[PDB]
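Let's start with one chain on its own, the form deposited in one PDB entry, as structure tokens.
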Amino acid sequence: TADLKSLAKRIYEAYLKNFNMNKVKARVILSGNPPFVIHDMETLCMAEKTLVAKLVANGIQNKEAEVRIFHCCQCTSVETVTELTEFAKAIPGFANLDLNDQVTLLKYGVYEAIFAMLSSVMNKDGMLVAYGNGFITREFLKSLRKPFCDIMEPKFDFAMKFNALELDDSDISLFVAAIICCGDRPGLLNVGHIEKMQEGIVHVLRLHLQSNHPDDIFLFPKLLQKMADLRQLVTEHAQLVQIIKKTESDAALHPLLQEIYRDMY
């Protein structure tokens, strides 16, 4: 249908406009300001001086390397939450929802969306960082002392299977919209209206996948399962973040992320 084809394009266009990184751009960079490779402590410190020089300009008062990385990961998340919040406006009916419901949907959806979209900048060897200007290796992230190493690898595990689906940005934009419009989030005021909004996006996603991936007759239920997988990934992530908060006094939580996690799971 023309209105459904146009809805899929409106959401794709809103995705290309609001996210600084997309999968086409990421794949160009990942093929080879070429990305500076962070693969050990020496190169982490070099990258810091060029790409986040403010963070390491304190001398002996700088934080432990694992804590600096954790801070930079949170800063990345904060930026993606801002992009996700503006993206959400192109989802039909989202801006027509109660202001409090918009908050609840974004609260439970953003980290599912973050980990889905992280896959676009990940390969089996590492991931893009710092607006495409660095590449940090998966082995280096695994090498961080506990518990900071444990933040990283489950996200690569998710991403490698997600990337094997060979989605493109036109698919992922609709998937991220579908994540944001979940009617079963806790605390929603107008569940009925959200379910109808969800049904419309999921309807467009199913038709789009049929059209864009005729080779994979199971792709739509595969992506439904990935949404469930992402919910569990986020629950587990929040638990690990809580461990870091209680046992690592130097790893301050950004206040915006603090409020996202507050009363989440």
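Residues that one form lacks are left out of the comparison. Quick note: we count residues from 1 along the sequence shown, nothing fancier. Take the two forms, find the largest set of C-alpha atoms that superpose within 1.5 Å, and that set is the rigid core.
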| task | Indicate yes or no: is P214 absent from the model in at least a third of the other PDB entries of this protein that were compared? | result | no
| message | Is it the case that at least a third of the other compared entries omit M46, given both of its neighbours are modelled there? | response | no
| Residues of the deposited sequence left unbuilt between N33 and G32 | 4 to 9
| field | Average Cα temperature factor in the PDB entry - higher stretch of 62 to 70, 224 to 232 | value | 62 to 70
| said: Please compare 6 to 14 with 241 to 249 and say which has the higher mean C-alpha temperature factor in the record. | reply: 241 to 249
| message | In terms of recorded Cα temperature factor, pick the maximum from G134, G109, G93, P154. | response | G93
| request: Taking the chain's C-alpha temperature factors as the reference, tell me which third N100 falls into: lowest, middle or highest. | output: highest
| query | Among the modelled residues of its chain, does the C-alpha B-factor of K142 lie in the lowest, middle or highest third? | reply | middle
| query | Where does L188 sit by CA temperature factor within its chain: lowest, middle or highest third? | reply | highest
| message | Looking at the temperature factor on the CA atom of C75, which third of the chain's modelled residues does it land in? | response | middle
| CA B-factor ranking of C182, expressed as a third of its chain | highest
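Below: the form deposited in another entry, not depicted.
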| Among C45, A57, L240, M227, whose C-alpha is off by 2 Å or more between the shown form and the other one on a rigid-core fit? | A57
| request: Indicate closer or farther: the Cα atoms of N123 and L51, in that other deposited form, relative to the displayed form, with a change of 3 Å or more. | output: farther
| Versus the form shown, are the CA atoms of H71 and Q61 closer or farther apart in that other deposited form, given a shift of 3 angstroms or more? | closer
| task | Go ahead and list the segments of at least 3 residues in a row whose C-alphas all shift 2 Å or more between the shown form and the other one, with the rigid core as the reference fit. | result | 51 to 54, 56 to 61
